[PDB]
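**Student:** So that you have it, the file is my_file-v4.cif, and it contains mmCIF, C-alpha atoms and all ligand atoms:
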data_query
loop_
_atom_site.label_atom_id
_atom_site.label_comp_id
_atom_site.auth_asym_id
_atom_site.auth_seq_id
_atom_site.Cartn_x
_atom_site.Cartn_y
_atom_site.Cartn_z
CA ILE X 1 -3.28 10.34 -3.86
CA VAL X 2 -3.87 14.07 -3.28
CA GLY X 3 -1.41 16.36 -5.05
CA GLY X 4 0.17 13.79 -7.28
CA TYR X 5 0.01 12.98 -10.97
CA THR X 6 -1.21 10.27 -13.33
CA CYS X 7 1.35 7.44 -13.30
CA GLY X 8 0.83 6.30 -16.87
CA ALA X 9 -0.55 2.86 -17.73
CA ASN X 10 1.42 -0.06 -16.23
CA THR X 11 4.32 2.11 -15.12
CA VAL X 12 4.00 0.68 -11.58
CA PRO X 13 3.54 -3.03 -12.42
CA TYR X 14 3.63 -4.27 -8.79
CA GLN X 15 0.52 -2.26 -7.81
CA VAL X 16 -2.57 -4.32 -7.16
CA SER X 17 -6.22 -3.30 -6.77
CA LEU X 18 -8.22 -5.29 -4.24
CA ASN X 19 -11.76 -5.83 -5.58
CA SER X 20 -14.74 -7.19 -3.68
CA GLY X 21 -17.33 -5.85 -6.16
CA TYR X 22 -15.44 -2.61 -6.63
CA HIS X 23 -11.94 -1.32 -5.75
CA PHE X 24 -11.47 -0.95 -1.96
CA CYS X 25 -7.66 -0.96 -1.35
CA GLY X 26 -4.25 -1.13 -2.95
CA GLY X 27 -1.59 -3.79 -2.55
CA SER X 28 1.82 -4.88 -3.67
CA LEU X 29 2.69 -8.03 -5.51
CA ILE X 30 5.90 -9.49 -4.02
CA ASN X 31 6.07 -12.80 -5.84
CA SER X 32 3.86 -14.68 -8.28
CA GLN X 33 1.51 -15.94 -5.57
CA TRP X 34 1.43 -13.31 -2.86
CA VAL X 35 0.24 -9.81 -2.21
CA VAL X 36 1.04 -7.52 0.73
CA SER X 37 -1.53 -4.99 1.85
CA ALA X 38 -2.59 -3.36 5.11
CA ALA X 39 -4.53 -5.37 7.76
CA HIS X 40 -7.18 -2.68 8.00
CA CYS X 41 -8.05 -3.61 4.41
CA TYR X 42 -9.05 -7.10 5.54
CA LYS X 43 -12.37 -8.46 4.06
CA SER X 44 -13.72 -11.80 2.99
CA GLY X 45 -14.05 -12.56 -0.74
CA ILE X 46 -11.15 -10.53 -2.09
CA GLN X 47 -10.32 -10.57 -5.77
CA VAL X 48 -6.80 -9.32 -6.57
CA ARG X 49 -6.66 -7.39 -9.83
CA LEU X 50 -3.24 -7.19 -11.44
CA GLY X 51 -1.91 -5.21 -14.40
CA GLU X 52 -4.46 -2.47 -13.82
CA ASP X 53 -4.45 1.10 -15.01
CA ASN X 54 -8.08 2.10 -15.56
CA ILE X 55 -10.04 0.19 -12.94
CA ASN X 56 -13.28 0.70 -14.85
CA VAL X 57 -12.09 -0.33 -18.35
CA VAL X 58 -10.76 -3.74 -19.48
CA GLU X 59 -7.63 -2.59 -21.26
CA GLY X 60 -6.10 -5.97 -22.08
CA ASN X 61 -3.30 -6.40 -19.57
CA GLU X 62 -5.30 -7.45 -16.52
CA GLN X 63 -5.13 -10.64 -14.53
CA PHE X 64 -8.03 -11.26 -12.14
CA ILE X 65 -7.23 -13.80 -9.42
CA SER X 66 -9.28 -14.58 -6.30
CA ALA X 67 -7.73 -14.78 -2.86
CA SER X 68 -6.86 -18.26 -1.70
CA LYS X 69 -5.90 -17.37 1.90
CA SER X 70 -5.79 -14.07 3.80
CA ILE X 71 -3.37 -13.66 6.72
CA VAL X 72 -3.69 -10.61 8.96
CA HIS X 73 -0.46 -10.05 10.91
CA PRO X 74 -0.55 -12.04 14.22
CA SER X 75 -0.37 -8.79 16.29
CA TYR X 76 -2.58 -6.42 14.33
CA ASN X 77 -4.19 -3.95 16.75
CA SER X 78 -7.09 -2.17 15.08
CA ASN X 79 -7.55 0.62 17.66
CA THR X 80 -3.94 1.73 17.35
CA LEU X 81 -3.29 0.30 13.81
CA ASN X 82 0.07 -1.09 15.03
CA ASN X 83 1.11 -4.01 12.74
CA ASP X 84 -1.08 -2.83 9.91
CA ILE X 85 0.10 -5.43 7.43
CA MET X 86 -1.46 -8.47 5.79
CA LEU X 87 -0.62 -11.18 3.27
CA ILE X 88 -2.97 -12.61 0.62
CA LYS X 89 -2.15 -15.79 -1.37
CA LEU X 90 -3.62 -16.26 -4.87
CA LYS X 91 -5.70 -19.28 -6.00
CA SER X 92 -3.23 -19.46 -8.97
CA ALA X 93 0.17 -17.88 -9.85
CA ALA X 94 0.17 -14.60 -11.74
CA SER X 95 1.94 -14.59 -15.10
CA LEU X 96 4.82 -12.21 -14.40
CA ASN X 97 5.57 -9.83 -17.25
CA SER X 98 6.47 -6.11 -17.50
CA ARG X 99 2.80 -5.14 -16.84
CA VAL X 100 2.57 -7.41 -13.76
CA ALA X 101 5.79 -7.48 -11.73
CA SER X 102 6.77 -8.02 -8.13
CA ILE X 103 8.56 -5.72 -5.75
CA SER X 104 11.53 -6.61 -3.55
CA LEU X 105 11.24 -6.72 0.21
CA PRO X 106 13.68 -4.38 1.94
CA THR X 107 16.96 -5.60 3.40
CA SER X 108 17.24 -2.46 5.65
CA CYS X 109 14.98 0.39 6.70
CA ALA X 110 15.21 3.65 4.79
CA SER X 111 16.43 6.75 6.66
CA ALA X 112 14.52 10.02 6.92
CA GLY X 113 14.98 12.01 3.70
CA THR X 114 14.92 8.97 1.42
CA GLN X 115 12.57 9.74 -1.53
CA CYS X 116 9.81 7.16 -2.23
CA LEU X 117 7.05 6.44 -4.76
CA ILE X 118 3.53 6.08 -3.23
CA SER X 119 0.64 5.25 -5.56
CA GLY X 120 -3.03 4.23 -5.63
CA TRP X 121 -6.65 4.83 -6.59
CA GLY X 122 -7.48 6.71 -3.38
CA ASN X 123 -9.34 10.00 -3.01
CA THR X 124 -7.53 12.89 -4.78
CA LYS X 125 -9.09 15.80 -2.86
CA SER X 126 -8.01 17.23 0.57
CA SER X 127 -11.54 18.67 1.04
CA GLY X 128 -14.40 16.73 -0.55
CA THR X 129 -14.35 13.52 -2.60
CA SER X 130 -13.02 12.40 -5.97
CA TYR X 131 -11.81 8.91 -6.86
CA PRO X 132 -9.84 8.42 -10.05
CA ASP X 133 -10.28 5.61 -12.59
CA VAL X 134 -6.52 5.65 -13.34
CA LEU X 135 -3.56 4.95 -11.06
CA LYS X 136 -2.17 8.12 -9.45
CA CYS X 137 1.42 8.60 -8.22
CA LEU X 138 3.40 10.74 -5.68
CA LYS X 139 7.08 11.16 -4.87
CA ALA X 140 7.39 11.88 -1.10
CA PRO X 141 10.29 11.98 1.38
CA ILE X 142 10.45 9.90 4.62
CA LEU X 143 10.20 12.10 7.72
CA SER X 144 12.39 11.93 10.82
CA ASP X 145 11.00 10.07 13.86
CA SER X 146 11.01 13.34 15.83
CA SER X 147 8.83 15.27 13.38
CA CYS X 148 6.49 12.28 12.91
CA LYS X 149 6.00 11.88 16.71
CA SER X 150 5.36 15.65 16.83
CA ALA X 151 2.56 15.44 14.27
CA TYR X 152 0.84 12.57 16.09
CA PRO X 153 1.94 12.57 19.78
CA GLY X 154 1.67 9.19 21.59
CA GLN X 155 0.40 7.50 18.39
CA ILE X 156 3.50 6.35 16.42
CA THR X 157 5.16 2.97 17.15
CA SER X 158 8.46 1.60 15.86
CA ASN X 159 6.32 -0.15 13.20
CA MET X 160 5.33 3.16 11.57
CA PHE X 161 6.99 6.00 9.71
CA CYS X 162 5.67 9.29 8.37
CA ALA X 163 6.30 10.31 4.79
CA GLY X 164 5.07 13.41 2.95
CA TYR X 165 4.90 17.16 3.40
CA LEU X 166 4.42 18.95 6.74
CA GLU X 167 3.17 22.03 4.87
CA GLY X 168 0.43 19.60 3.56
CA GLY X 169 -0.98 19.69 0.00
CA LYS X 170 0.36 16.24 -1.07
CA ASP X 171 -0.50 12.90 0.67
CA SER X 172 -2.06 9.47 0.15
CA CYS X 173 -5.74 9.15 1.18
CA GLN X 174 -8.64 6.65 1.67
CA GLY X 175 -8.58 4.07 -1.09
CA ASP X 176 -4.79 4.17 -1.34
CA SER X 177 -4.89 2.10 1.85
CA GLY X 178 -2.80 -1.00 1.67
CA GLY X 179 -0.81 0.11 -1.34
CA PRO X 180 2.93 0.53 -1.95
CA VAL X 181 5.56 2.91 -0.64
CA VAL X 182 8.54 1.97 -2.82
CA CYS X 183 12.00 3.54 -2.32
CA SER X 184 14.75 2.55 -4.78
CA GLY X 185 13.06 -0.69 -5.85
CA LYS X 186 12.22 -1.82 -2.31
CA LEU X 187 8.81 -1.93 -0.54
CA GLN X 188 9.41 0.09 2.60
CA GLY X 189 5.91 1.16 3.47
CA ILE X 190 2.21 0.36 3.21
CA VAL X 191 -0.45 3.08 3.06
CA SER X 192 -1.96 2.84 6.56
CA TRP X 193 -3.50 5.99 8.10
CA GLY X 194 -3.42 9.73 8.75
CA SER X 195 -5.62 12.50 10.07
CA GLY X 196 -7.63 13.83 7.07
CA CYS X 197 -5.58 13.92 3.83
CA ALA X 198 -2.86 16.44 2.92
CA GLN X 199 -3.72 18.55 5.95
CA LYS X 200 -0.91 20.80 7.27
CA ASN X 201 1.28 19.12 9.91
CA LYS X 202 -0.54 15.83 9.47
CA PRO X 203 1.56 13.84 6.99
CA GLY X 204 0.84 10.24 5.98
CA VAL X 205 1.70 7.38 8.31
CA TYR X 206 2.87 4.09 6.80
CA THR X 207 3.58 0.55 8.05
CA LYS X 208 7.36 0.07 8.26
CA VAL X 209 7.79 -3.06 6.07
CA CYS X 210 11.47 -3.57 7.13
CA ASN X 211 10.23 -4.90 10.50
CA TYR X 212 8.12 -7.68 8.83
CA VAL X 213 10.47 -9.32 6.28
CA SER X 214 11.18 -12.16 8.79
CA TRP X 215 7.40 -12.79 9.25
CA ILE X 216 6.55 -12.46 5.48
CA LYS X 217 9.34 -14.90 4.52
CA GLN X 218 8.41 -17.50 6.37
CA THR X 219 4.70 -17.18 6.19
CA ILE X 220 5.38 -17.58 2.39
CA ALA X 221 7.63 -20.61 3.12
CA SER X 222 5.00 -22.65 5.10
CA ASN X 223 1.87 -21.72 3.10
CA CA X 301 -8.65 -2.08 -16.18
#
Rewrite the coordinates I just gave you, this time as structure tokens.
**Tutor:**
Amino acid sequence: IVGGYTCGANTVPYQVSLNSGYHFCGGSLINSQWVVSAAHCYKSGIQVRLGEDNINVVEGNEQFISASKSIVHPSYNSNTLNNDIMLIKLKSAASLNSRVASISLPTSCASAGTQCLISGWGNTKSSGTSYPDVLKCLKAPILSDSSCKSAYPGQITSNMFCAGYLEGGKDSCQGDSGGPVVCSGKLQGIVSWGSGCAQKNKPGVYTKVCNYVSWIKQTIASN
């Protein structure tokens, strides 16, 4: 997150860190056994780290659980990033408490103008590099289809929305990838892509979770 603030420890209990030796992506816990993240975050040997604030200090609320099964969406295209969504099942169920909590799947897509919480351990600089040890947060609006398709012509599908600030200055960034875009208690988006970070007229593009509820459901049911 560029241009946000420090969330405060455990104030976003559904936020996961994906660790494969180090933090490499965010995710969202959606029930005791499952995490949703972006497909472009796919790796082998993923450890899901729950209840995290400082990803470099053991603070006493963490649960570390290895991935049982990874499932990249059946239609993930990596050149266009269409269908950038992915499920991970946990070797064992997370103990749900107020430091480790799941987020609801949407029942309907948010409209442009809806305000959402985006969070992660991604780069915090628009120029240059700085990765925080603590979870960072940002409140950002959803942008109309029109203005999104104007920022990235020929690049936005009906499985993507833009969210953020066209004047730039505030955005998600690398390392936030795969993490939550939560609007009014529902997971609407997944940090997916964008040209640079917090650049003018290049807002953040997110996977539109409301299209995948069916698939998620479903996949959970038979696995
Ligand atoms: Ca920690």
**Student:** Taking 4 positions as the minimum chain separation for residues in the same chain, which residues sit within 10 Å of residue 162 of chain X when counting all atoms listed in the file? Answer as a PyMOL selection string.
**Tutor:** chain X and resi 112+140-145+147-149+151-152+156+166+189+193-194+202-208
**Student:** To one decimal place in Å, what is the distance between atom CA of residue 128 of chain X and atom CA of residue 81 of chain X?
**Tutor:**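 According to the coordinates, atom CA of residue 128 of chain X and atom CA of residue 81 of chain X are separated by 24.5 Å.
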**Student:** Could you make a table, as a tab-separated table, of the residues of chain X that have an atom within 6 Å of an atom of ligand CA 301 (chain X), each with its nearest atom pair and distance in Å to one decimal, counting only C-alpha atoms and all ligand atoms, in chain and number order?
**Tutor:**
residue	atom	partner	partner_atom	distance
X:52	CA	X:CA301	CA	4.8
X:53	CA	X:CA301	CA	5.4
X:54	CA	X:CA301	CA	4.3
X:55	CA	X:CA301	CA	4.2
X:56	CA	X:CA301	CA	5.6
X:57	CA	X:CA301	CA	4.4
X:58	CA	X:CA301	CA	4.3
X:59	CA	X:CA301	CA	5.2
**Student:** Under the rule that all atoms listed in the file are counted, which of X:198, X:219, X:13, X:39 is the nearest residue to residue 75 of chain X?
**Tutor:** X:39
**Student:** Can you pull out the residues contacting residue 175 of chain X? Cut-off 12 Å, using all atoms listed in the file, and skip same-chain residues under 3 positions away; I want them as a PyMOL selection string.
**Tutor:** chain X and resi 1-2+16-19+22-27+37-38+40-41+119-125+129-133+135-136+172+178-179+191-193+197
**Student:** Can those selected residues be exported to a file as a PDB file, keeping the file's coordinate frame so that it contains C-alpha atoms?
**Tutor:**
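The result, stored in again_11.pdb:
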ATOM      1  CA  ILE X   1      -3.280  10.340  -3.860  1.00  0.00           C
ATOM      2  CA  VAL X   2      -3.870  14.070  -3.280  1.00  0.00           C
ATOM      3  CA  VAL X  16      -2.570  -4.320  -7.160  1.00  0.00           C
ATOM      4  CA  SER X  17      -6.220  -3.300  -6.770  1.00  0.00           C
ATOM      5  CA  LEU X  18      -8.220  -5.290  -4.240  1.00  0.00           C
ATOM      6  CA  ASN X  19     -11.760  -5.830  -5.580  1.00  0.00           C
ATOM      7  CA  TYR X  22     -15.440  -2.610  -6.630  1.00  0.00           C
ATOM      8  CA  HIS X  23     -11.940  -1.320  -5.750  1.00  0.00           C
ATOM      9  CA  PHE X  24     -11.470  -0.950  -1.960  1.00  0.00           C
ATOM     10  CA  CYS X  25      -7.660  -0.960  -1.350  1.00  0.00           C
ATOM     11  CA  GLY X  26      -4.250  -1.130  -2.950  1.00  0.00           C
ATOM     12  CA  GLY X  27      -1.590  -3.790  -2.550  1.00  0.00           C
ATOM     13  CA  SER X  37      -1.530  -4.990   1.850  1.00  0.00           C
ATOM     14  CA  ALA X  38      -2.590  -3.360   5.110  1.00  0.00           C
ATOM     15  CA  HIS X  40      -7.180  -2.680   8.000  1.00  0.00           C
ATOM     16  CA  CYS X  41      -8.050  -3.610   4.410  1.00  0.00           C
ATOM     17  CA  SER X 119       0.640   5.250  -5.560  1.00  0.00           C
ATOM     18  CA  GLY X 120      -3.030   4.230  -5.630  1.00  0.00           C
ATOM     19  CA  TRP X 121      -6.650   4.830  -6.590  1.00  0.00           C
ATOM     20  CA  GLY X 122      -7.480   6.710  -3.380  1.00  0.00           C
ATOM     21  CA  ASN X 123      -9.340  10.000  -3.010  1.00  0.00           C
ATOM     22  CA  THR X 124      -7.530  12.890  -4.780  1.00  0.00           C
ATOM     23  CA  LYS X 125      -9.090  15.800  -2.860  1.00  0.00           C
ATOM     24  CA  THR X 129     -14.350  13.520  -2.600  1.00  0.00           C
ATOM     25  CA  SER X 130     -13.020  12.400  -5.970  1.00  0.00           C
ATOM     26  CA  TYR X 131     -11.810   8.910  -6.860  1.00  0.00           C
ATOM     27  CA  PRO X 132      -9.840   8.420 -10.050  1.00  0.00           C
ATOM     28  CA  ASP X 133     -10.280   5.610 -12.590  1.00  0.00           C
ATOM     29  CA  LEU X 135      -3.560   4.950 -11.060  1.00  0.00           C
ATOM     30  CA  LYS X 136      -2.170   8.120  -9.450  1.00  0.00           C
ATOM     31  CA  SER X 172      -2.060   9.470   0.150  1.00  0.00           C
ATOM     32  CA  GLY X 178      -2.800  -1.000   1.670  1.00  0.00           C
ATOM     33  CA  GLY X 179      -0.810   0.110  -1.340  1.00  0.00           C
ATOM     34  CA  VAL X 191      -0.450   3.080   3.060  1.00  0.00           C
ATOM     35  CA  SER X 192      -1.960   2.840   6.560  1.00  0.00           C
ATOM     36  CA  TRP X 193      -3.500   5.990   8.100  1.00  0.00           C
ATOM     37  CA  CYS X 197      -5.580  13.920   3.830  1.00  0.00           C
TER      38      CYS X 197
END
**Student:** Here is a test: counting all atoms listed in the file, which residue of X:177, X:184, X:80, X:126 is nearest to residue 106 of chain X?
**Tutor:**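 Nearest to residue 106 of chain X: X:184.
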